[PDB]
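Worksheet for the structure shown next.
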Amino acid sequence: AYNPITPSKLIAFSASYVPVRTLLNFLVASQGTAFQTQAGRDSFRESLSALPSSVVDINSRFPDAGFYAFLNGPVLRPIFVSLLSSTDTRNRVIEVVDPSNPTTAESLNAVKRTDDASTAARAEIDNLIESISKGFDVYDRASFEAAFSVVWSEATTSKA
Amino acid sequence: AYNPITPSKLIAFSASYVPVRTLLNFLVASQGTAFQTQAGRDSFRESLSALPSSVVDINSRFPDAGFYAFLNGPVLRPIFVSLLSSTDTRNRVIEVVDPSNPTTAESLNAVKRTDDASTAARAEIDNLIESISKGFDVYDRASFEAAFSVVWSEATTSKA
Amino acid sequence: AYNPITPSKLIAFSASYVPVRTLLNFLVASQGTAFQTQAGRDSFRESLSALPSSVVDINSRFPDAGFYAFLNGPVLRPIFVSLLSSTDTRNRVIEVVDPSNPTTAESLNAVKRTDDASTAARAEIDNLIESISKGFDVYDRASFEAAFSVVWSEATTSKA
Amino acid sequence: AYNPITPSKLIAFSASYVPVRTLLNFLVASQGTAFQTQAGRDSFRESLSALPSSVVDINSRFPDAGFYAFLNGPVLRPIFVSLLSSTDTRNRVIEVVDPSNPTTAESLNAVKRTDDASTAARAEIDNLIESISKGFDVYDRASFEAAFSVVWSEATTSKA
Amino acid sequence: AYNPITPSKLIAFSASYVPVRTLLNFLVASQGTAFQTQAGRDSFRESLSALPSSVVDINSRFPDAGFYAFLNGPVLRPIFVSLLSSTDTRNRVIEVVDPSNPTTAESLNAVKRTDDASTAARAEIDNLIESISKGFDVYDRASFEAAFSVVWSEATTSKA
Amino acid sequence: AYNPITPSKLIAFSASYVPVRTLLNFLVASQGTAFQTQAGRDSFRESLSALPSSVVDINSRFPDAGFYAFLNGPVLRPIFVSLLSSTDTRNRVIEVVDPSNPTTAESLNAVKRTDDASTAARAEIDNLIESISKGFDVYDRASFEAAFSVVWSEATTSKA
Amino acid sequence: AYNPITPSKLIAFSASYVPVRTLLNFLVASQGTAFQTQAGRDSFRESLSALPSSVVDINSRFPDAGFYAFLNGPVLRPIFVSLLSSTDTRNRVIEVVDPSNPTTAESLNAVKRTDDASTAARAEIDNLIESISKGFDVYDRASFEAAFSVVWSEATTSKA
Amino acid sequence: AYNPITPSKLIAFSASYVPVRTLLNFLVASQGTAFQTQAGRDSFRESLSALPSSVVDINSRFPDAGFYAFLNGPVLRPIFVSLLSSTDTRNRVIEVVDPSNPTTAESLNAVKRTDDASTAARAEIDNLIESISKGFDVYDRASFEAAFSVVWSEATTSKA
Amino acid sequence: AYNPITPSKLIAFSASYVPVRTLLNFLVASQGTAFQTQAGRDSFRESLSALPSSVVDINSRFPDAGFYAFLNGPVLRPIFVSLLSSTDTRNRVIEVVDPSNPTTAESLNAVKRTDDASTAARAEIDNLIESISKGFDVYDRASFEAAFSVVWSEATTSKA
């Protein structure tokens with residue numbers, strides 16, 4: 001009748017608020033951000049990645065159609081994870097008073113660490129664009145049938 | 001009758017406000033900008049790339065003709081993406097008080113990083129000019145037929 | 001009858017205000033400019049290249065003769081593009097207080113970067129002179145017939 | 001009646017969006033790209049090869065004619081595969097500060113690795129041009145009959 | 001009646017805008033260019049080779065005469081392809097500060113690679129001159145009959 | 001009556017402005033030029049070879065006499081081509097600060113490359129002098145009859 | 001009635017997809033390939049030889065005519081086997097940095113091994129052309145009678 | 001009535017586009033090519049030999065006359081095959097930095113291999129010239145009768 | 001009436017533009033050329049041998065007289081063929097830096113190969129001089145009668 005089958009396998013903790021909406025459109029404006037920097041990595045973490053928290057725990061999937069994508073197992077298991085952490089976490093302070101005097105990338109840190117955060121960011125953002133608008137994850141009509149066993153009949157003023 | 005078919009595949013989040021108008025003409029004036037620099041990379045991100053946000057979600061494609069180009073899948077998937085991020089993101093501060101004293105491109109950063117942002121910018125801007133005025137993406141008459149299934153009949157004061 | 005045929009292919013965004021007039025004559029006075037420098041690259045960008053913006057969108061090509069050249073596809077796709085960006089973009093500041101003390105072209109930048117902007121400028125300016133006064137682009141009489149389909153008949157006080 | 005016969009043999013995952021359109025025309029503009037380089041190999045991967053993803057899973061082949069080519073088994077099994085990977089994958093960074101000082105192709109990498117990526121690219125691009133405009137793969141009229149068994153009869157307002 | 005016959009065999013993606021016009025005349029001025037160099041290989045790619053994109057897809061071959069040459073299968077399949085890629089793709093940077101100190105063609109690259117790009121360029125440009133002004137490809141009167149089946153009759157104000 | 005016969009075979013793109021005038025006289029002054037060098041190869045390309053562009057496309061060969069030579073097929077197909085490219089293309093920079101210290105023709109380039117540009121120049125210039133003042137190409141009176149079919153009769157104020 | 005007779009003798013694992021189609025035509029284009037080399041032996045293996053996998057296991061030989069050739073026992077038992085392996089398997093790497101310095105075919109491998117792969121390839125490709133367009137293997141009408149015992153009668157809507 | 005008789009014997013995969021046209025004329029210009037070399041063997045393979053692909057599969061031999069020659073069984077079975085492969089396949093790289101230092105034809109390869117590719121090329125090209133303009137293969141009027149059985153009668157608007 | 005008789009035997013692809021004109025006179029000036037060398041073999045190929053391409057396909061032999069010689073079958077089948085290829089094809093590079101140090105004709109190539117190209121050139125050029133000004137090939141008046149069957153009658157303004 002109406003159930004999830006094998007362990008309590010749920011991952012409506014990661015992504016399905018997110019599919020159409022906040023994914024392809026915010027990805028472009030937010031591709032445009034403060035990266036070399038400090039402020040863009042910090043706030044990005046915050047908006048797109050920390051919230052895709054679906055109201056779908058179990059309480060309501062009566063909207064029978066499909067927009068919402070159970071974006072999790074396939075595409076996202078590289079991206080949302082490796083990328084979320086891959087950009088350098090927020091503590092960046094090199095500067096003394098004068099911007100380059102002299103152990104600015106000699107003795108505190110080095111080139112490759114800081115700079116290569118910024119293009120690890122780059123292509124992971126795009127690989128999200130093509131694949132989640134098509135590739136396997138979408139929770140539409142015969143696919144929400146696949147996760148929860150769907151059979152739930154009610155007739156008169158059962159809907160009030 | 002009237003529908004998008006396979007997942008909810010939409011990318012009217014990236015480009016179709018943009019085709020004729022803001023693309024070939026702004027591309028020339030905006031090819032002319034502050035690049036070596038700081039201020040030109042920052043504001044460019046802002047204008048041309050961050051807004052091509054089409055009013056076309058689904059609410060109105062009654063203007064039957066074709067100007068507007070669903071500039072997305074083919075040409076733009078290199079360009080608008082690799083280029084948007086490729087120019088160096090906005091944090092640039094080397095200078096102390098005296099412009100070259102002495103670890104200005106010795107100890108803080110190096111030649112190739114800064115300089116090669118500016119011509120990565122160069123040819124990507126032009127490759128956009130030839131290809132989007134011709135190459136495959138345009139959403140004209142039998143092409144808007146291709147995305148949304150088009151059949152929508154109404155007779156008298158249905159248009160008021 | 002009266003139309004542009006295949007996508008909305010237009011590039012009257014790049015050059016056709018420009019042909020006779022501002023091209024061969026300004027090219028000589030403006031060949032003579034501040035280049036090694038800072039001020040000549042900045043203002044050049046501004047005048048000749050940033051404006052050739054034709055009033056010809058579609059609103060008026062009733063001046064049946066041909067002077068105006070749809071200078072775009074053939075000659076200009078090297079030149080107006082590679083050259084516009086090729087000269088070094090405007091941020092140039094090496095100097096401290098004393099013009100050569102000592103990392104003036106040792107530690108901040110190097111020889112080839114700065115100097116070779118100035119003769120990349122050189123021969124691209126001339127290759128524009130010979131080719132656009134003859135080579136293929138000109139929008140004259142049976143050539144404006146070629147772009148827009150030309151058939152538009154009107155008799156009495158249709159011209160008032 | 002209407003079916004694919006032996007295992008679930010499908011490869012409408014690789015190429016059939018692609019035949020006429022994006023193949024012979026993009027192949028020429030995209031033959032012209034940044035190869036020695038870094039940026040051209042990276043974005044090429046992205047556009048032509050990563051998307052030929054057909055909307056044809058099974059949901060719609062009612063367009064009875066033939067343009068679309070089930071470009072897969074014969075021609076493409078060398079090309080789209082060996083070539084997609086054959087050009088050097090995107091990590092290229094040799095340079096220090098001064099372009100040739102001294103283990104630039106002595107101690108980090110060697111001649112043959114980098115250089116021979118660029119002409120492996122060369123002839124594989126052309127061998128695609130001649131063969132896919134003729135050679136065996138095309139899914140036209142009696143050929144779409146061959147894959148799916150075709151028999152599907154409907155009379156009145158079955159088509160609405 | 002009016003059709004292309006066997007697969008959808010089309011190559012009006014490669015060359016037929018091009019025959020008389022831009023081919024023998026631009027070939028001479030453009031034979032004269034920056035080759036040893038960097039800037040001439042880059043812009044050449046751009047102009048002559050990347051655009052010969054014919055407006056002839058299928059929409060208009062009512063100009064019954066023959067100038068335009070379906071320059072593709074025979075002559076061009078060596079030349080436009082092997083040559084387009086054969087000249088060295090655009091990334092050239094050896095120089096440090098002093099033009100020959102000391103691994104300038106010892107440790108970074110070697111003689112034969114760079115130099116032999118420039119005369120591979122040489123004779124391929126000429127072999128294009130003799131052969132495409134005569135050799136087999138031209139789409140004139142009984143030859144446009146050969147590709148599209150030509151039969152299309154219309155009498156009165158069918159031409160308006 | 002009045003026509004060019006077989007494909008559109010034209011090569012009034014290469015040489016016929018040129019015959020008497022600019023050929024034997026400029027050949028002597030221009031034999032005398034900066035060759036070992038840089039500046040003479042660059043400007044030579046420019047003047048004599050890049051312009052022989054005849055105003056003769058088709059618009060006017062009413063000057064019935066013969067001076068002008070359709071210098072193309074026979075003599076020039078070695079010379080104007082092999083020579084135009086044969087002299088070393090313009091990028092020449094060996095020097096450091098001190099003219100011979102020490103990899104000046106050891107490690108950057110070698111003897112035969114540079115030096116043998118200058119006498120490849122030598123004898124090709126002369127072989128042009130004897131042969132184009134006599135050898136087969138000249139477009140005089142019964143020879144302009146040979147290319148265009150010549151028959152064009154007009155009587156009274158047809159010439160005004 | 002309807003059966004294969006002696007052991008389960010089947011070799012519709014090797015060739016019968018293949019006869020007309022992919023054999024004489026691909027054999028010519030694919031005769032033209034990268035052999036001395038590395039890339040041509042690798043991809044050839046892949047396309048023509050690794051797939052001739054017939055959909056004919058047993059599920060459908062209702063297409064009563066004969067095109068398809070059970071190309072196996074006679075011609076192919078030399079060729080498809082000895083040749084498939086005979087060209088040198090794909091691991092080829094001699095080169096150091098400089099193409100011939102000095103144990104390039106002295107100490108790593110020797111002449112006869114590498115070179116004689118390439119003409120073992122040569123004549124085996126042709127011997128396939130003459131013999132499989134005529135010689136004994138073809139599975140046509142009274143020959144498919146020979147393998148499977150053919151008797152299978154059905155009358156009305158047994159064919160639906 | 002209208003048929004090919006014994007197996008499905010077809011070789012309109014090898015040559016019959018080719019007879020008059022591209023054979024005797026391209027054979028002379030293409031006899032003149034880069035052979036000792038690398039570039040001429042590679043592109044030759046490409047043009048003349050890889051395409052003679054006839055549109056004649058079976059779809060149209062209504063052009064009753066004879067020009068087209070079913071150039072296959074007799075003359076070509078030496079030539080187009082032994083020659084196509086006989087010239088050395090395209091991988092040629094001996095050179096280090098200095099053209100002859102010292103195992104250039106001592107330790108990497110030897111004299112006879114490289115040099116004798118170039119005159120194997122020589123006489124095979126000519127033996128094609130005499131024999132295919134006369135010798136047995138031509139598919140003219142009573143010869144196209146010989147391959148396909150020719151009987152096909154139709155009267156009124158059967159030809160429209 | 002007016003026809004070529006047996007296969008479509010044509011060789012107006014090889015020589016008949018050529019007879020009087022370009023043959024005995026260019027043969028002397030061009031006997032005088034750069035042979036030991038590189039540049040003379042390359043350009044010779046180009047001029048005299050690659051073009052003798054007659055405008056005579058079939059379109060016009062109304063010039064009833066005889067100058068033009070169908071120089072093909074008899075004399076030329078040795079010469080134009082064996083000689084065209086016999087001189088060494090254009091790749092010649094032995095030299096290192098110092099012209100003879102030490103494997104200049106020891107280890108790279110040997111005496112007989114290079115030197116004996118130059119006198120194979122010698123006597124073949126002369127044997128062309130005596131024989132083609134007399135020996136059998138000439139297409140004059142009763143000889144153009146021999147190839148095409150000549151009968152073509154027209155009276156009044158059939159010649160306009």
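In the structure tokens, chains take the letters A, B, ... in the order shown, each chain's residues start at 1, and ligands count up from 1 in the order shown.
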Output chain A as a short mmCIF file (atom, residue, chain, number, x, y, z; two decimals) with C-alpha atoms, in the first residue's frame, after least-squares fitting it to chain C on all in-order C-alpha pairs.
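Saved result, selection.cif, follows:
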data_model
loop_
_atom_site.label_atom_id
_atom_site.label_comp_id
_atom_site.auth_asym_id
_atom_site.auth_seq_id
_atom_site.Cartn_x
_atom_site.Cartn_y
_atom_site.Cartn_z
CA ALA A 1 8.84 41.56 -50.42
CA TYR A 2 10.86 43.47 -47.73
CA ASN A 3 12.88 41.22 -45.33
CA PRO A 4 16.00 39.70 -43.66
CA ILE A 5 15.74 35.92 -44.22
CA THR A 6 17.44 33.20 -42.04
CA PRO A 7 17.88 33.68 -38.10
CA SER A 8 17.87 37.32 -36.94
CA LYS A 9 21.43 37.46 -38.23
CA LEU A 10 22.05 41.20 -37.80
CA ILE A 11 25.43 42.82 -37.11
CA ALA A 12 24.58 46.55 -37.65
CA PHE A 13 25.91 46.75 -34.17
CA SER A 14 29.50 46.63 -35.34
CA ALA A 15 30.29 48.61 -38.47
CA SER A 16 28.62 50.62 -41.21
CA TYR A 17 28.41 54.21 -39.86
CA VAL A 18 32.17 53.90 -40.32
CA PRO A 19 33.28 53.01 -44.02
CA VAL A 20 34.70 56.01 -46.00
CA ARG A 21 34.63 58.74 -43.46
CA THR A 22 35.94 57.99 -40.13
CA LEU A 23 37.95 55.02 -41.40
CA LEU A 24 40.69 56.07 -43.82
CA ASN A 25 41.04 59.62 -42.49
CA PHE A 26 40.94 59.10 -38.72
CA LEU A 27 43.21 56.01 -39.12
CA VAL A 28 46.16 58.33 -40.11
CA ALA A 29 45.77 61.03 -37.42
CA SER A 30 45.05 58.36 -34.84
CA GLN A 31 47.93 56.17 -36.07
CA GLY A 32 49.74 59.27 -34.58
CA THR A 33 49.01 58.89 -30.83
CA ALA A 34 50.25 58.21 -27.26
CA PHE A 35 51.08 54.44 -27.32
CA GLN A 36 54.22 53.38 -25.13
CA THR A 37 52.08 55.27 -22.84
CA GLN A 38 48.94 55.14 -21.01
CA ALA A 39 46.69 57.93 -22.38
CA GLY A 40 46.74 56.86 -26.12
CA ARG A 41 45.50 53.28 -25.69
CA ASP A 42 42.66 54.39 -23.34
CA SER A 43 41.20 57.21 -25.59
CA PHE A 44 41.65 55.20 -28.84
CA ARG A 45 39.43 52.47 -27.55
CA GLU A 46 36.95 55.15 -26.82
CA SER A 47 36.69 57.01 -30.26
CA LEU A 48 37.19 54.81 -33.36
CA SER A 49 36.38 51.34 -32.09
CA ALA A 50 33.59 51.85 -29.47
CA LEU A 51 31.59 53.99 -31.95
CA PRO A 52 30.72 52.78 -35.24
CA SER A 53 27.03 52.34 -33.95
CA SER A 54 24.75 52.59 -37.03
CA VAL A 55 21.40 54.42 -36.83
CA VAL A 56 20.61 51.60 -39.23
CA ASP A 57 18.89 49.12 -37.11
CA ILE A 58 15.99 48.88 -39.58
CA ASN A 59 14.33 52.31 -39.37
CA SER A 60 15.84 53.98 -42.54
CA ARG A 61 17.75 52.86 -45.71
CA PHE A 62 15.97 55.10 -48.18
CA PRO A 63 19.32 56.69 -49.33
CA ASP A 64 19.58 54.30 -52.23
CA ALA A 65 23.26 54.96 -53.05
CA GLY A 66 26.36 53.24 -51.58
CA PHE A 67 29.12 54.71 -49.47
CA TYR A 68 28.30 52.91 -46.23
CA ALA A 69 29.95 49.65 -45.81
CA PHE A 70 28.64 46.76 -43.84
CA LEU A 71 32.17 46.33 -42.70
CA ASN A 72 31.86 43.21 -40.57
CA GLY A 73 32.05 39.58 -41.54
CA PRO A 74 35.22 39.41 -43.71
CA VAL A 75 37.91 42.06 -43.13
CA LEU A 76 36.98 43.20 -39.65
CA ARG A 77 36.64 39.81 -37.87
CA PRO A 78 40.47 39.69 -37.40
CA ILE A 79 41.21 43.40 -36.98
CA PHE A 80 38.42 45.27 -35.01
CA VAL A 81 38.35 42.41 -32.58
CA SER A 82 41.94 41.08 -32.09
CA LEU A 83 43.31 44.67 -32.22
CA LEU A 84 40.67 46.26 -29.98
CA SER A 85 41.77 44.00 -27.16
CA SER A 86 45.47 43.39 -28.30
CA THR A 87 46.86 46.78 -27.28
CA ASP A 88 47.35 46.66 -23.46
CA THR A 89 44.34 47.66 -21.45
CA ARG A 90 44.74 50.87 -19.55
CA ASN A 91 46.12 50.23 -16.00
CA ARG A 92 49.83 51.38 -16.30
CA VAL A 93 51.67 52.32 -13.26
CA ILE A 94 55.32 51.02 -12.60
CA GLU A 95 56.72 54.21 -11.10
CA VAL A 96 57.83 54.77 -7.70
CA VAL A 97 59.66 58.29 -7.65
CA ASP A 98 62.86 57.71 -9.56
CA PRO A 99 62.04 56.25 -13.04
CA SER A 100 64.49 53.28 -13.04
CA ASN A 101 65.23 52.12 -9.45
CA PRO A 102 65.69 48.86 -9.61
CA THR A 103 62.85 46.31 -10.25
CA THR A 104 61.28 48.59 -12.89
CA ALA A 105 61.39 45.67 -15.51
CA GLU A 106 62.78 42.88 -13.35
CA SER A 107 60.21 42.07 -10.56
CA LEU A 108 56.81 43.93 -11.37
CA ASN A 109 56.47 43.12 -15.16
CA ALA A 110 58.82 42.28 -18.06
CA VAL A 111 60.02 43.68 -21.48
CA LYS A 112 57.97 41.68 -23.96
CA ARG A 113 54.56 42.34 -22.30
CA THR A 114 54.61 46.20 -22.50
CA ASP A 115 56.75 46.89 -25.55
CA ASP A 116 55.01 44.35 -27.86
CA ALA A 117 51.67 45.97 -27.27
CA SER A 118 52.94 48.96 -29.21
CA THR A 119 53.83 47.22 -32.55
CA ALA A 120 50.81 44.77 -32.41
CA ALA A 121 49.05 48.16 -32.65
CA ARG A 122 51.26 49.21 -35.60
CA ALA A 123 50.59 46.81 -38.51
CA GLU A 124 46.98 46.09 -37.57
CA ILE A 125 46.16 49.78 -38.12
CA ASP A 126 47.61 49.60 -41.70
CA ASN A 127 46.07 46.29 -42.70
CA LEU A 128 42.77 48.09 -41.98
CA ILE A 129 43.72 50.91 -44.45
CA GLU A 130 44.21 48.86 -47.68
CA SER A 131 41.55 46.22 -47.20
CA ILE A 132 38.49 48.22 -46.11
CA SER A 133 38.82 50.73 -48.95
CA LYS A 134 38.55 47.76 -51.35
CA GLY A 135 37.93 44.17 -49.83
CA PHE A 136 34.54 42.51 -49.42
CA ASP A 137 31.96 44.08 -47.13
CA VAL A 138 30.57 47.25 -48.94
CA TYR A 139 26.82 48.09 -48.72
CA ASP A 140 26.04 49.82 -51.88
CA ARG A 141 23.17 49.45 -54.40
CA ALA A 142 22.85 45.71 -55.50
CA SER A 143 24.43 44.70 -52.17
CA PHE A 144 21.77 46.29 -49.91
CA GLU A 145 19.46 44.30 -52.31
CA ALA A 146 21.30 41.16 -51.15
CA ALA A 147 20.71 41.60 -47.34
CA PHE A 148 17.16 42.97 -47.12
CA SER A 149 14.83 41.73 -49.79
CA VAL A 150 14.09 44.89 -51.74
CA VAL A 151 10.64 45.55 -53.22
CA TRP A 152 8.79 48.74 -51.93
CA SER A 153 6.37 50.59 -54.12
CA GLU A 154 4.52 53.83 -53.30
CA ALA A 155 3.05 56.49 -55.63
CA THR A 156 1.55 59.95 -54.78
CA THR A 157 1.81 61.70 -51.33
CA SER A 158 3.01 58.50 -49.75
CA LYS A 159 6.37 60.27 -49.63
CA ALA A 160 5.12 63.01 -47.19
#
Requested in this report: Can you check which residues of segment 11-82 of chain C DSSP gives as alpha helix (DSSP H) on the backbone and send them as a ChimeraX atom specification?
Outcome: /C:26-29,39-44,76-82
